[PDB]
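What follows is one structure encoded as C-alpha cells, with my remarks underneath.
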Amino acid sequence: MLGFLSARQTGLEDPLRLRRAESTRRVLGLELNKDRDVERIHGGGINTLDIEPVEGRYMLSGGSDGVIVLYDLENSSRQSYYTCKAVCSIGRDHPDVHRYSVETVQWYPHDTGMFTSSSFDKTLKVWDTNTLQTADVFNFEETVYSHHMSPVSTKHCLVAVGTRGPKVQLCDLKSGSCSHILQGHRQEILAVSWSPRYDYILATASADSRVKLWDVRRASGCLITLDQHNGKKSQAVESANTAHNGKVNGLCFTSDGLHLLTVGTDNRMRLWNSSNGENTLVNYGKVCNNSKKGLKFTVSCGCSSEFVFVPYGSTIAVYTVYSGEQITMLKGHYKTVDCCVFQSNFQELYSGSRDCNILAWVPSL
Amino acid sequence: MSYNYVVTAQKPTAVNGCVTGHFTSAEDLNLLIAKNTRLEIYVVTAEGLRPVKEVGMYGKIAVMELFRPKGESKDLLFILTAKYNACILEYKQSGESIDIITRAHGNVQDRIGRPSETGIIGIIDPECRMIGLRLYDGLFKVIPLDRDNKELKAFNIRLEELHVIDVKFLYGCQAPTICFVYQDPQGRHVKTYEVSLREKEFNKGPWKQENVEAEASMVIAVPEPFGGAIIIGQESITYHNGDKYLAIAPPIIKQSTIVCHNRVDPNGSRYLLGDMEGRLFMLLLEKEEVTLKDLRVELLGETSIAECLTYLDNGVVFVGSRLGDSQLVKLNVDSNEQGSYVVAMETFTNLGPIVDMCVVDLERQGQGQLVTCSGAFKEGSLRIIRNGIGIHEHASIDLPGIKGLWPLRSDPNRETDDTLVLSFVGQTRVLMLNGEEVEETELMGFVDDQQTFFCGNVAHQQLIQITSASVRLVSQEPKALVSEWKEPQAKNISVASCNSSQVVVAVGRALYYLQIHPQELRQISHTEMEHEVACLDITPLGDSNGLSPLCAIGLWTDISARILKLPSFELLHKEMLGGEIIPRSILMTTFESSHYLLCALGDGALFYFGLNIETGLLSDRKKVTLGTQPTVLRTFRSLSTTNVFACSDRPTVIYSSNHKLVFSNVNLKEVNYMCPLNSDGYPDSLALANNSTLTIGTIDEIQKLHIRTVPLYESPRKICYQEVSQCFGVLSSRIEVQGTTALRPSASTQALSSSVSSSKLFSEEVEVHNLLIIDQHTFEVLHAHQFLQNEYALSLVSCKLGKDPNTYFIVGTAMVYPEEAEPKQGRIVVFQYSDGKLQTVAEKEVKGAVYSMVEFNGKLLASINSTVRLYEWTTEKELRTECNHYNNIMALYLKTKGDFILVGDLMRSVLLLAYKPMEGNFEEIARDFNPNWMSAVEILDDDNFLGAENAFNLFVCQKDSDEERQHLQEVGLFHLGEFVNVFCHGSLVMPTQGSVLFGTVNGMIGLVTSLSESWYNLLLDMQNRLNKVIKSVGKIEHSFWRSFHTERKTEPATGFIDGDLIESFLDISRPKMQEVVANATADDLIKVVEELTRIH
Amino acid sequence: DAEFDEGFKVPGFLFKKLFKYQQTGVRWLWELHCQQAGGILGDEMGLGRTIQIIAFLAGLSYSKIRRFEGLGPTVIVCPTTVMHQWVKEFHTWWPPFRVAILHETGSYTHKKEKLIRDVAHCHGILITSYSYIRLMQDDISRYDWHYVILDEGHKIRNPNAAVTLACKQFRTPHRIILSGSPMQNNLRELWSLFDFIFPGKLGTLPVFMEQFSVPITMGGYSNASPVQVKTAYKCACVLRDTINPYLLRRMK
DNA sequence: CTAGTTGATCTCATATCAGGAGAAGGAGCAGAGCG
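Residue numbers (the deposited numbering), protein chains in the order written: chain a, 1 to 365; chain d, 1 to 289, 295 to 743, 748 to 772, 784 to 981, 986 to 1014, 1023 to 1111, 1124 to 1140; chain b, 490 to 555, 562 to 747.
This is the structure:
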C-alpha cells in the first residue's frame, strides 16, 4: 500500500491503478461486519434489495410479507458502530401496501425521487419517495417474478416485467402503456435485465431454459437466443438453443455490459457474449441454486478485476467473472440467500435472505 | 456557496508525450511536446530547438500523433484528451499570425466502460485509413479518416480479448492490421486482426497468434522493408513477421524494463529504447537480401528517466521526462571513454512530481520562496523557486549617500568598464574595481570639488563629465582637460544628458546642445523654454551614423513628456500627464520592435509610449504605477536585447518579450541608482546603489520565476523547514540492490556526517530511507540519518511540543515487508538537530504506518493506519497518547486550524474533527459522505475546506449553515486536470483573501485564493463571455473541461474561477475586448485583471 | 442531396420534387426502418402516399444502406384497380427498379412461381393482389421479402379474414400500410392493422378489447356515469400515445 | 397466339305423497402400535 501511495504520488502509476487495486483488495477482504447492522423490519424473508444508483445512500428492501423498507446506509452517528436505520416503510397499515410478496424493487435511475416495486399480487406499483404514495399501478394478469428499468436509457422509461405468462410485458412509465409484449418464450419469465450499454437491449430469462435478447424497438422477435454449445448440438430451433439445462432464474449484465451472466437451476452460471450470445466457456464450477423464483445477484464495479456475488444456498459465493475462480464464500446467513446488492462506492455488499435479515459485508482493514 | 480563484503560478513541465514530423511546413522538422495541458511546437534547427508556438488545450493530452493523409501537404495532428475529446489540428501560418485550426473534433467517450489498465492507446494506420483508440476493456474504437468527417464519428469493434497490453498498426498490409499483446489467464499472447471499415469488424490477421514472454509489454511496428512487429518484454526482445521468429535475450536489459521506444531511421533499421533506469539502448535490425538476419542491443549510455524519446536528426535525441529534466542529447559515433555515446547538449527544467513543498521566508525578506521535493528515483532534487530577477551579488562597498553611477574604462586599450564614477552630494568619487579587487582611487581629469551630474565614455577614445557648473571633456590618452565648456552666465547645471557623441545640458529653464568632436565642444542648438527642466535623454537608438536625431524632455508646472527636434530645439509633440509631482526619469529605449519612450514621475507613475524616428509622436499611451517612491531608469544590454531597469523602493526590470512589455520584479529592499558594468572579472554585471552600499550582481533570466536545482540523486518524499536550526529536514529514499549496495552515489551517502538508526523496537531491490538535514544557505547535506532496515519514512514535521523549548524533527515511519499489504508496525521518532548532529530524542512504537503528522497546539497529531491520535510531549521527553479517533478507512492527510482538524481519507474524503480540550478527546463535527479519493486537503478559512480528488478535481466543502449538520456540503467543484500532491499556505509575492499554493505530479504550481461575492459574480460573467469569444484548440467547451468529472459522477464547475482563462483576457485585441465587455468600460476590467495577476 | 442523421442519401432530384409533408413522411418511414418497425401512412386520400413510398424505397436503394446491399425484394399488395398505376409510378420516378406485376394479365407469360423466384433472385419490386397473397400464401412467402407494403391496408381490417392471416404470415420487420382510414367501424380494425405492422405493441386482441374498446364505447354515450366517460378519455389518451410513433395521419 | 366477354366460385363486409336395493365415498372415531 505504501508502494501504491508512493507510485501515485510520484506519477509512475495512474491514480486509476490505486483505485482499482485497492477496491479489489477491499472486495477480497469482504467480511461480515458485526461493526455495522441493518435494522430488522421485515417480518418475512427479504426477496430484493436495491441501493440507489446516484449517491448510493438509501436502500430499498422488499420482503415476502409484502412490506417495503427504505434504509439509510450512511453512518450519521459519530460512533464507528451504527445501525442502518429504516427511513420509511410501506407497512401493513399503508393503504397501498402490497398484498403479497414484494419480489423486486428498483429505484428510478437518474433520480432518487421515485421507485417502483412489483409483487406476487400481480401489481407493479410506482411510488413517489417523498410522499411515499403510489403514483401509478400496473395490474398484470399473472404474478410478477421480476421487473427492471433500464439503468441507461435517457430516452425511454420502459419497465420490462416478467410474470408467469410466457410474454414479457413492457410498461412505459411515460404516459402509461402496458400493452407491448415480447413473445417467444414458452414458460414463465423469471428474470429481466436491460443492458447497461444499449438503451433498448433487454435480456429475458425464462423457465423454458432459454435466455433471449430483445431490441424492444424491433418488431421481429428476439435478436439472439443463448445457446450452451454454440452449434455443436445444432437443431432447427424449436426445442434446442437452451441457455441452461433447467430453469434460468437469474440474469446480470457485467458492469460494462459486454457480457451477460445467467444462473440456472441446472446449478450452473454461464457467461455470454452480450453481442452475439456466444458462450465464453468460463467454468465457474457448480453454483448451487434451487430457487423457484428469480435469483437476484450482482457484479462488482470499479475494481481491477470484475467479481460476481451470487447467492449460494445460505452463503454468498464470490467468483471472478472472466476466469471463474471462486474467490470466497461469505457465510453469515441462516437460511437461503435471495438477493445481494453491491455498494460500489465502498466495496460493500448487502445480502438479504429468508431468515428475515439483511447482513452487511464490509471490507476488513 | 464558496468563491475561489484558481490560477497557474508555474505551468506544467512534465513531458508526457513527444512526436516529431512535418507539422508547421512540409520542409520544417518540428518537435511537438505535450506537457500535461500544453502543446509546445518547436523547430528542429541545426542547433537546439527554436520554439514557434505554445498552445493550451482544454484537456490533458493523452494521445498525440502526427499523420499525413493522402494529398495533404504537411502533417495533421490528432490529439485525444483524458476526458476523450478528439481533435485533428492543422498548422496555418499567415504571415506574422499563427493559428492552430481544428480540422475536426468530437467526443469519443462511451457512456459506460472499464477504462483499460494500461491506459488510453491511440494509434494511426500508417496509410492513414483510420485512428484506433483503445479506451475501454473489450472494445476498440475506430475513427475513419478516408471519409472526411468534421465530427470524428467513431464506432466500436468488440475485441474478444479483454486485457490488451499494447497495440500498434502493422506496416506493409493491404488492409489495416492491428497487432496487440493481450493477457489471458494462460499467459501473454501476440495476436493480429484485420480491421474492415466496410464490415466494421475484425477479421483474421495475416499471421496467427504467438505465445510470448510473461511481461511482454510493448509492440513496435516495423516499417515496410521488414514488416512484422518486435515485442519487447522484461527479459527478451522478439520479432514476429508471421513465418520468421527471431528472439534475443540481451543480459544488459534484464535489470530494468524498457518503457519507451522510437524509430531512428525511416526504414526502422535502428530503434532507440529507454528503460525506467534512464539507460538508452539502441536496437539494430540487420537486413539480408530483403529479410531480417538478427537483433542486437547496445547500451548507448544514460539519460534522464524517459517517459518518451524522439530522434530529431544528426544524432540529436530529445529525452522527454516526467520524472526529471527533459534532455536534448547527442549520440556520438564513438564512446566517450566511459562506455557512453550519449552527450547531453541541453536540459529543459522540469519541476518533476512535486511530492512535497514548503513556503519559507529565506533571507528574511517579505517574499515567500518555494522549496519543493521534485523529481524521483535518479532525478530527485530540491527546487527552490522565487519570484523576481535575482540579485546574484558578488561584492559590495559601503558608500553612504550615493547620487550617481557611470561606468568608465580608465585603461585606454581595454574596452571594458574597469572604473566607476560616483556623485554623492557635491563631489565626485572614482572607484577602480580592477578585476575583483575594489578600491577608492582618483582618476586624472575629474574635479573632486564639484558634483557629477553626468559622465561617461564617448567616441574618439574620449571621456566627458557634466558637473553642476561646467562640462569637462577628458582626453584619456594624451593628457588632462583640453576641451572645456562653461556656461557664459556661470549658472549651475540642473539636469544633464549625454551619449557617445553629443551632449544636452539644462541650465535653469534653458537647454544647450553640444556635440563632442576631437579637442572641441561646439554648441549648436539653444533655447529658453516655457518652464524649468526636469529630466532629459538623447541616447541614440538604431543610430547607424553616430548621432541621435531626437530629444525627450520633462517640464515643470505643465507636467508632460515633451519632444524636441535636436538641431533646432523646436516643439515636436506634447502629451499631457498631469499631477502635482514633476517628472523624474525620462528614457527612450528600443524594445524588440521599435523605439519607446519611458517617462516616470516622483510618485512611481511611469508612462511608456511608441516613438517614431521621423515625426517623434507619442502614440498608444499606456500608464503603469510601479513603486511608491521616485524612480530612475538605466539601460543595460543583456544577452538578448536591451533591458531597461527601474530603480526605486520597488525595483523592477523592464524589457519586452513577444512584442509586449512586462514588468518583472527585483526582490531586494531598495535601489536608488544603477548602472551596467562589464569588468574583466564581472561580466554583464550591474552596480545597484542604495542608501548604504553598492551591491554588484548579475541577473540570470530577467523574465519568470527562477528555479534553483539541488540534485539529490534520490527520491525526496517530504520536507519541513526548521527556522531555529537554519536547515531543511528532507526525507529521502534511494534504491539499493543486494548486504545491500547503493546503485550510485546519492545525497544521503555524501553527507558531511551520518548515522544509522539503532532501535530496540523491531527484532531484488530495497528502498533505504534517510532523513537529510540540508543547510538553507549552501544546500549541502549537513547530515544523513539512515533509518532501520525495511523502514519507510512517510511523514516529517518540525515543531515544538509540550512546554520545552527545543525544536524537533519528528518522523513517522512504517515497517514494510513483502509478505504483507498494509504495515502493522511503525514508529514516531523525535530528532533534535544540534551541534551539527542529529540525536534521537525519543521513540514511540505504533501499530501501523504513520501516514501523516501535524503539530496541533503544542501536541502531536499523528495518523496511524486508520486512527488519528493525539500525542502529548511529557516532561520526561516521551510521547504519551491523549485521545484517538478510529472512524477512518485510512487517514492519509491531516491539516489543522486552531482546534479543528481536517482529516483527508483514502476514500471517504474529508472529516472535520475538533479537539474539545475541556473534555480531552476528538469530536466528529462533520463529514463529507461522497466517495472521493483524496490526494490532498487544505483549510482555507474557519469553515472552507479545499480537497484534491485523485481524478484531477478540486472541491471545496463547507460546514453547513439536527443530524444533517454532520454533512459537509460540496459548495465548489472544479476539474483541475492535475494530480495535486500538496497544499500549503503562502504566496510567491510580497481583492483576494488568503493564498494557497499547490504542486502537482506534472509540475504545475497553482494558486487557490478566496474571492468575495461581488468579484466572483463579475469574474464568472467575464468567464462566460470569454468562453463565448475565445476559441479553443480542439473546440472543447471550457465548461466541459472544468466540469467535475469522476468515473461515477459529472457536474459542471461551481465556486471556482479559472484564473488562467481570466488572465487570458489581456492576450486578445481591443475589438475582442469590447465584444467581451458589452454590457462598465473595458479599462475597468483591465484594472481588475492586472490586480488579479499581481497575486502570483 | 438531402441527408438524414445516420446517413440516408435520398437523391436531390427526387427529394426536391416532394412536398413538405411528403418529405416529413419519407423521414418518418426511414425512422421506422432504423427502428426496424412498421407503420401506417394514415394520410387520407389525395395527399399522395404512393409518391412517398417510391421516394423512400428509391432513397433506400441508392443509399445502399445495410443483410442486403441496399433495398432487397419487396412485395406490394394493392387492389387490382391500381397495380398498373403503381408500376407506372415506379417507372416514372425511379426507373432502375425492375418492377413486375403478378397477374393473369401480367407480362411473364410463364409459370407464376417462376416469376416469384426470378423477381426475388433480382431483388425486384413485385406487385400482387390480396387474392394472390391469400391463394399462394404458402408459396409467395418463401423468398425472404425485405419490404411488405399493403396499399389500402384496410383490407386487413378484419382480424379473422384469410387475407389478414396470409398477410401476417410475412416475416420481415418492415410492414407499411397505406390506408386512408385505419379504422372504419370499430377498434377491431385498428388492432388488426397494428398486429400487422408491429406484432406486439398492442396486446393480444382480448386484452386490447377489454382495455380499450369497451371502456371507450361505454364512454361514448351521453347517459354514461361521469366515471365511465373519464375512464374512456384516459384510455383513449393511452391508446393515442401508444400508437403515436407508428401512425402518421395528416388531415386536409 | 391475344383480347375481351361471360359465367361460376370464393372472400369479405355491414348489421347485437304409496320405491327399493345395493355399491361407493366420506366422515367420525375407537384404538393400537410406536416413534
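The beta carbon of each residue, even a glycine, is placed where N, CA and C say it ideally should be.
Applying the criterion that 16 or more other CB atoms from any shown protein chain within 10 Å of the CB defines a buried residue, is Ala485 (chain d) buried or exposed?
In the second sequence, counting from the first residue as 1, residue 485 (chain d) sits at position 480. So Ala485 (chain d) counts as exposed.
Interface partners of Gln580 (chain b) on chain a, CB under 8 Å:
Against the third sequence, residue 580 (chain b) aligns to sequence position 85. Result: empty, since nearest Cβ-Cβ is about 29 Å, beyond 8 Å.
Best match in a:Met269, a:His259, a:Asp256 for proximity to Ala243 (chain a) [C-alpha to C-alpha]
Taking the first residue of the first sequence as 1, we reach residue 243 (chain a) at position 243. Checking every option, the nearest Cα to that of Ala243 (chain a) belongs to a:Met269.
Which same chain residues, not among the five before or five after residue 746 (chain d), have their C-beta less than 7 Å away from its C-beta?
Coordinates for residue 746 (chain d) are absent; the numbering of chain d skips from 743 straight to 748.
Pick out whichever of d:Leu814, d:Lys879, d:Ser815, d:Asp795 has its Cα sitting closest to the Cα of residue 983 (chain d).
Within chain d, residue numbering steps from 981 directly to 986, and residue 983 (chain d) belongs to the interval with no atoms modelled.
Can a CB atom of chain a be found closer than 7 Å to the CB of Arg327 (chain d)?
Here residue 327 (chain d) corresponds to residue number 322 of the second sequence, with the count starting at 1. Answer yes: the Cβ-Cβ gap between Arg327 (chain d) and chain a drops below 7 Å somewhere.
Which residues mark the beginning and the end of the beta strand (DSSP E) in which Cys171 (chain a) is found?
Looking up residue 171 (chain a) in the first sequence gives position 171. Its beta strand (DSSP E) spans residues 168-172.
So with Cβ pairs under 7 Å, would you call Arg218 (chain a) a contact of chain b?
In the first sequence, counting from the first residue as 1, residue 218 (chain a) sits at position 218. Yes, because at least one Cβ of chain b sits closer than 7 Å to the Cβ of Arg218 (chain a).
My output table needs one value for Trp214 (chain a): the three-state DSSP class, helix, strand or coil.
For the purposes of this step, residue 214 (chain a) is identified with residue 214 of the first sequence, where counting begins at 1. Residue state, collapsed to three classes: strand.
Please classify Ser415 (chain d) as buried or exposed, where buried requires at least 16 neighbouring CB atoms within 10 angstroms.
Reading the second sequence from its first residue, position 410 is the one you call residue 415 (chain d). Result: buried.
Whole-Å CB distance - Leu49 (chain a) paired with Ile327 (chain a), under 8 Å assumed
To locate residue 49 (chain a), count along the first sequence from 1; it is residue 49. To locate residue 327 (chain a), count along the first sequence from 1; it is residue 327. Not a contact, Cβ separation roughly 21 Å.
Taking Cβ positions, are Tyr171 (chain d) and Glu210 (chain d) nearer each other than 7 Å?
By one-based count along the second sequence, residue 171 (chain d) stands at place 171. By one-based count along the second sequence, residue 210 (chain d) stands at place 210. Not closer than 7 Å, so no.
Chain b within 7 Å of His185 (chain a), Cβ atoms only:
By 1-based counting over the first sequence, the position of residue 185 (chain a) is 185. So, not an interface residue.
With a floor of 4 residues, list each alpha helix (DSSP H) that falls wholly inside the region 1040-1080 of chain d, ordered by position along the chain.
1045-1061, 1070-1073
Runs of beta strand (DSSP E) wholly within the region 147-199 of chain d (minimum 3 residues, chain order):
155-158, 164-169, 177-184, 187-196
From d:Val1013, d:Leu1051, d:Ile1100, residue whose alpha carbon lies closest to that of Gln374 (chain d):
Residue mapping note: residue 374 (chain d) aligns to position 369 of the second sequence, counting from 1. Cα-wise, what sits closest to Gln374 (chain d) is d:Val1013.
How long is the line joining the alpha carbons of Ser553 (chain d) and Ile543 (chain d), rounded to whole angstroms?
Here residue 553 (chain d) is taken as the residue at index 548 of the second sequence, counted from 1. Here residue 543 (chain d) is taken as the residue at index 538 of the second sequence, counted from 1. In a straight line, the C-alpha of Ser553 (chain d) is about 6 Å away from that of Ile543 (chain d).
Backbone CA spacing between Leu1051 (chain d) and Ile945 (chain d) [nearest angstrom]
Residue 1051 (chain d) sits at position 1019 when you count from the first residue of the second sequence. Residue 945 (chain d) sits at position 925 when you count from the first residue of the second sequence. Approximately 33 Å, taken between the alpha carbons.
Inter-residue spacing [alpha-carbon to alpha-carbon] between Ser981 (chain d) and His991 (chain d)
In the second sequence, residue 981 (chain d) corresponds to position 961, counting from 1. In the second sequence, residue 991 (chain d) corresponds to position 967, counting from 1. Between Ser981 (chain d) and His991 (chain d), the C-alpha separation is close to 10 Å.
Give every residue of the same chain whose Cβ lies closer than 6 Å to the Cβ of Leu1000 (chain d), excluding the five residues on either side of it in the sequence, and list them in chain order.
Start at 1 with the first residue of the second sequence, and residue 1000 (chain d) comes out as number 976. Correct list, in chain order: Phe972, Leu974.
Whole-angstrom distance between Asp110 (chain d) and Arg50 (chain d), CA atom to CA atom:
Walking along the second sequence from the start, residue 50 (chain d) turns up at place 50. Walking along the second sequence from the start, residue 110 (chain d) turns up at place 110. The alpha-carbon atoms of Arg50 (chain d) and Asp110 (chain d) are separated by roughly 39 Å.
Any chain b beta carbon closer than 7 Å to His147 (chain a)
In the first sequence, residue 147 (chain a) corresponds to position 147, counting from 1. So, not an interface residue.
Give me the DSSP bridge partner(s) of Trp561 (chain d).
On the second sequence, position 556 is the one that residue 561 (chain d) refers to. Paired residue(s): none; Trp561 (chain d) is not in a bridge.
DSSP three-state assignment for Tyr518 (chain d), whether helix, strand or coil:
Counted from its first residue, the second sequence places residue 518 (chain d) at position 513. Strand.
Beta bridge counterpart(s) of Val476 (chain d) as assigned by DSSP
For this step, residue 476 (chain d) is matched to residue 471 along the second sequence. Paired residues: d:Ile471, d:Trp490.
Pick helix, strand or coil for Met578 (chain b), following the three-state DSSP scheme.
Within the third sequence, the letter at position 83 stands for residue 578 (chain b). Helix.
Assess contact between the region 148-167 of chain a and the region 659-675 of chain b, defined as three or more Cβ pairs (one per stretch) separated by less than 8 Å. Is contact present?
no
Counting only C-beta atoms, is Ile112 (chain d) closer than 7 Å to chain a at any point?
For the purposes of this step, residue 112 (chain d) is identified with residue 112 of the second sequence, where counting begins at 1. Closer than 7 Å to some Cβ of chain a, the Cβ of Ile112 (chain d) qualifies, so yes.
Looking at the structure shown, is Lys383 (chain d) part of a helix, part of a strand, or coil, going by DSSP?
As a position in the second sequence, residue 383 (chain d) is number 378, starting the count at 1. Coil at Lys383 (chain d), not helix or strand.
Decide yes or no for the touch test of the region 127-145 of chain a against the region 82-97 of chain a: beta carbon pairs closer than 8 Å, at least 3 of them.
yes
Quick one: residues in its chain with C-beta nearer than 8 Å to the C-beta of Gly547 (chain d), no 5 flanking neighbours on either side, listed in chain order?
Locating residue 547 (chain d) in the second sequence gives position 542, where the first residue counts as 1. So the list reads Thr595, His600, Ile618, once near-sequence residues are dropped.
Is the Cβ of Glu278 (chain a) closer than 7 Å to any Cβ of chain d?
Reading the first sequence from its first residue, position 278 is the one you call residue 278 (chain a). No - not a single Cβ of chain d is within 7 Å of the one on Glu278 (chain a).
Chain d partners of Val308 (chain a), CB-CB under 8 Å?
As a first step, residue 308 (chain a) must be located in the first sequence, where it is residue number 308. Result: empty, since nearest Cβ-Cβ is about 15 Å, beyond 8 Å.
Beta-carbon contacts of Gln1025 (chain d) that lie in its chain and below 6 Å, excluding the five residues immediately before and after
Position 993 of the second sequence, counted from the start, is the residue given in the question as residue 1025 (chain d). Result list for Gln1025 (chain d): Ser1042, in chain order.
Straight-line gap, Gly21 (chain d) to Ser116 (chain d) (C-alpha atoms, nearest Å)
On the second sequence, position 21 is the one that residue 21 (chain d) refers to. On the second sequence, position 116 is the one that residue 116 (chain d) refers to. Each residue's Cα considered, the two are about 29 Å apart.
Please confirm if the region 190-200 of chain a is in contact with the region 219-228 of chain a, defined as three or more CB-CB distances below 8 Å between the two stretches.
no
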